[PDB]
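1. partial complex here, more coming in a sec:
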Amino acid sequence: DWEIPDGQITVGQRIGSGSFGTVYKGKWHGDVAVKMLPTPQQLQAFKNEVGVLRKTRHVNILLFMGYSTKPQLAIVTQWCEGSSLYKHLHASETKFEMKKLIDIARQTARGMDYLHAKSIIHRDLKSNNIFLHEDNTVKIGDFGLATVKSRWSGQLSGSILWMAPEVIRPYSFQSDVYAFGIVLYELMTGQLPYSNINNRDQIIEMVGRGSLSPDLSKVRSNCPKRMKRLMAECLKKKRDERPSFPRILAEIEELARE
């Protein structure tokens, strides 16, 4: 039983607010993050999200701690101190060492490898959803508040660059692998893909039809050969030609030691 009774969680500072939820910093036997989401759609979506998080016990996956029903639906997770991968590469524009870049990728592949072993498809893997908690441990969660956390979907502008061709035209282990390849492109170039394109509808049409893919010539000079090859396999147009996370993780782990 993970239900936290009414009056234990001290809800504090509002961290973020979206169209389908408000996240708050809080106290409950230490620091926590509380997601406040009642209609039957919200009730099914709350229980689906608690059911998926309930299945995760991994260091590289955001620690679910509990949930509440009264006086409002709430999901309690650990507090993540620091910034997302998107904030480090694109806002702080920090230049991590190659060792630190390969370690973030290794930690992300461990979390994704664990998720796919537990039959969990992320569906929204992106640098925004990869937290560099305490600047050392990588925490994969779903910190987005603009979409509903349901089994399947029927305003996705902050996720288009990580969508595979079949996801634009769907959700599988291979579509997460594509998104991870995009994350690898961000680590290896320091930039988001398709920066020269001026419209979102041009990326949607060109990526979807297979005539558009990240430019691997824009990668850092010190980027390893195995990393260039790994990104290329994860970003393949045909999803069946994409590697699985065990093979991705073992390539990053063999690269990290070399």
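-> Happy to help now that I have it. Residues are numbered from 1 along each chain as shown, chains lettered A, B, ... in the order given.
2. so residue A:138 is in which element?
-> According to DSSP states H and E, residue A:138 maps onto strand A:137-140.
3. report all helices and strands that that strand contacts.
-> Strand A:137-140 sits against helix A:98-117, strand A:130-133, with contacts defined as 3 or more CB pairs under 8 Å, 6 or more residues apart in numbering; DSSP states H and E. No exception for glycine: its C-beta is placed from N, CA and C like everyone else's.
4. okay if I get the ones you listed as a markdown table plus distance to residue A:41 and mean neighbour count?
-> Below are the helices and strands packed on strand A:137-140 laid out as a markdown table (distance: least, CB to CB, whole Å; neighbours: other CB atoms under 10 Å):
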| stretch | distance to residue A:41 | mean neighbour count |
| --- | --- | --- |
| helix A:98-117 | 25 | 20 |
| strand A:130-133 | 28 | 23 |
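5. of those, which is nearest residue A:227?
-> Taking CB to CB, helix A:98-117 is the member of those nearest to residue A:227, at 7.6 Å.
6. from the contact counts, what lies against the closest one?
-> Packed next to helix A:98-117, using 3+ CB pairs under 8 Å, 6+ apart, are strand A:130-133, strand A:137-140, helix A:173-189, helix A:245-257.
7. redo that, cut-off 10 Å
-> strand A:130-133, strand A:137-140, helix A:173-189, helix A:225-234, helix A:245-257 (3 or more CB pairs under 10 Å, 6 or more residues apart in numbering; DSSP states H and E).
8. can you check what angle separates the fourth one from helix A:173-189?
-> Between the axis of helix A:225-234 and that of helix A:173-189 there is an angle of 140 degrees, by axes from the mean of the first three to the mean of the last three CA atoms, to 10 degrees.
9. could you check the angle helix A:245-257 makes with helix A:225-234?
-> Using the same axes, to 10 degrees: helix A:225-234 against helix A:245-257 is 160 degrees.
10. so helix A:225-234 versus helix A:98-117, what angle?
-> Here the directions of helix A:225-234 and helix A:98-117 differ by 30 degrees (the same axes, to 10 degrees).
11. just to revisit the earlier point, which other residues reach the strand holding residue A:138?
-> For strand A:137-140, the surrounding residues in contact (CB atoms under 10 Å, 6 or more residues apart in numbering) are A:56, A:58-63, A:77-78, A:80, A:82, A:84-85, A:103-112, A:114-115, A:122, A:125, A:129-133.
12. out of the helices and strands packed on strand A:137-140, flag the one nearest residue A:231.
-> Closest approach to residue A:231 among the helices and strands packed on strand A:137-140 is made by helix A:98-117 (9.9 Å; CB to CB).
13. ok, now chain B:
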Amino acid sequence: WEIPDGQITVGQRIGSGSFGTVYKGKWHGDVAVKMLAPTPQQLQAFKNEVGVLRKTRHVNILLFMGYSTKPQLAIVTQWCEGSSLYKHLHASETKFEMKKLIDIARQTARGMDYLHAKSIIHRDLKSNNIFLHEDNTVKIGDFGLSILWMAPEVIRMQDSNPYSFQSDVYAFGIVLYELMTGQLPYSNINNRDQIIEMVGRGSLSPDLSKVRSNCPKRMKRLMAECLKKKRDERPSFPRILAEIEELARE
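-> Okay, chain B now, added to the rest:
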């Protein structure tokens, strides 16, 4: 949480005791695997340990990840890189800054406070069982495979169960004494049976004059309340945690 046979790559042996061997390993990253024909007593003890760990989802508590039955009973937790609090204070005589000492105590009280909210009595809280994982996050587990941390009632062989929230609080007070003095209690006593006889009869308790000069007044008072002979006079972990949290901000 059952992990099928052939997923965990069991590697380096980390420790071996009378009833368990811990190994470093791989399973979607780094793991610690505790290995135990299996006896019905040991089958009950394995399921009891998996049942308690199953109830814990806290940053300051060792992350249980899974368990296996074949080809032998195994409990899979996260890997803890670094050293225990006992190793930092007594083996390597690391002299942490007072801010770092209060932070370890704060993290330990958060984990213990969480455990007592989930109706879980540790029963073996000691510096050995407090891991300074990545030298920043405190992980409370049970890495044993303890007399100095036993409360007077626990030390006495009574007809009743002496283990309670208050006996964990006493053990925590001992842990506070170790953080504030850098030493284990009762170093002048020459025999274990003398500590067993004197602590039990209430005539023996740690010497709070041996604490560091820079030790805060609220910390001296907190240790004293946690180390009281009468267990009902000991504070609860919410009050302990709020006193350490108030002290940390000062």
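14. let's see what packs on strand A:137-140 again after adding chain B.
-> Packing contacts for strand A:137-140, counted by 3 or more CB pairs under 10 Å, 6 or more residues apart in numbering or on different chains; DSSP states H and E, involve strand A:82-84, helix A:98-117, strand A:130-133.
15. now with 6 Å, please.
-> With contacts defined as 3 or more CB pairs under 6 Å, 6 or more residues apart in numbering or on different chains; DSSP states H and E, the packing partners of strand A:137-140 are helix A:98-117, strand A:130-133.
16. quick one: it to chain centroid distance?
-> Chain-centre distance of strand A:137-140: 10 Å, with CA atoms, centre = their mean, to the nearest Å.
17. try stretch A:62-76
-> With CA atoms, centre = their mean as the basis, stretch A:62-76 stands 20 Å off its chain's centre.
18. list the buried residues for it?
-> Buried residues in stretch A:62-76, counted by 16 or more other CB atoms under 10 Å in any protein chain shown: A:62, A:63, A:64, A:65, A:66, A:67, A:68, A:73, A:74, A:75, A:76.
19. do stretch A:25-35 as well
-> Under the neighbour-count criterion of 16+ other CB under 10 Å, stretch A:25-35 has A:25, A:26, A:27, A:28, A:29, A:30, A:32, A:33, A:34, A:35 buried.
20. same check, this time on stretch A:76-95
-> Neighbour-count burial for stretch A:76-95 flags A:76-80, A:83-90 (criterion: 16+ other CB under 10 Å).
21. pull the CA atoms of stretch A:202-211 into CSV?
-> Provided in CSV are the C-alpha atoms of stretch A:202-211 (Å, rounded to 0.1, in the frame of the first residue of the first chain):
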residue,chain,number,x,y,z
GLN,A,202,8.2,21.2,-42.3
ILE,A,203,9.8,18.8,-39.7
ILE,A,204,6.5,16.9,-39.3
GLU,A,205,6.2,16.4,-43.0
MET,A,206,9.9,15.7,-43.8
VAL,A,207,10.7,13.4,-40.7
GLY,A,208,7.5,11.5,-41.2
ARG,A,209,8.2,10.8,-44.9
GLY,A,210,11.8,9.6,-44.1
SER,A,211,13.5,12.4,-46.1
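22. contacts for it next, please.
-> By CB atoms under 6 Å, 6 or more residues apart in numbering or on different chains, the surrounding residues in contact with stretch A:202-211 are A:165, A:168, A:169, A:194, A:197, A:212, A:237.
23. the buried residues of stretch A:76-95 in strands, which ones?
-> Members of the buried residues of stretch A:76-95 lying in strands (criterion: DSSP state E): A:76, A:77, A:78, A:83, A:84.
24. reformat the buried residues of stretch A:25-35 as JSON lines; add distance to residue A:249.
-> Listed next are the buried residues of stretch A:25-35 as JSON lines, based on distance: CB to CB, whole Å:
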{"residue": "A:25", "distance to residue A:249": "32"}
{"residue": "A:26", "distance to residue A:249": "34"}
{"residue": "A:27", "distance to residue A:249": "36"}
{"residue": "A:28", "distance to residue A:249": "33"}
{"residue": "A:29", "distance to residue A:249": "33"}
{"residue": "A:30", "distance to residue A:249": "30"}
{"residue": "A:32", "distance to residue A:249": "30"}
{"residue": "A:33", "distance to residue A:249": "27"}
{"residue": "A:34", "distance to residue A:249": "32"}
{"residue": "A:35", "distance to residue A:249": "29"}
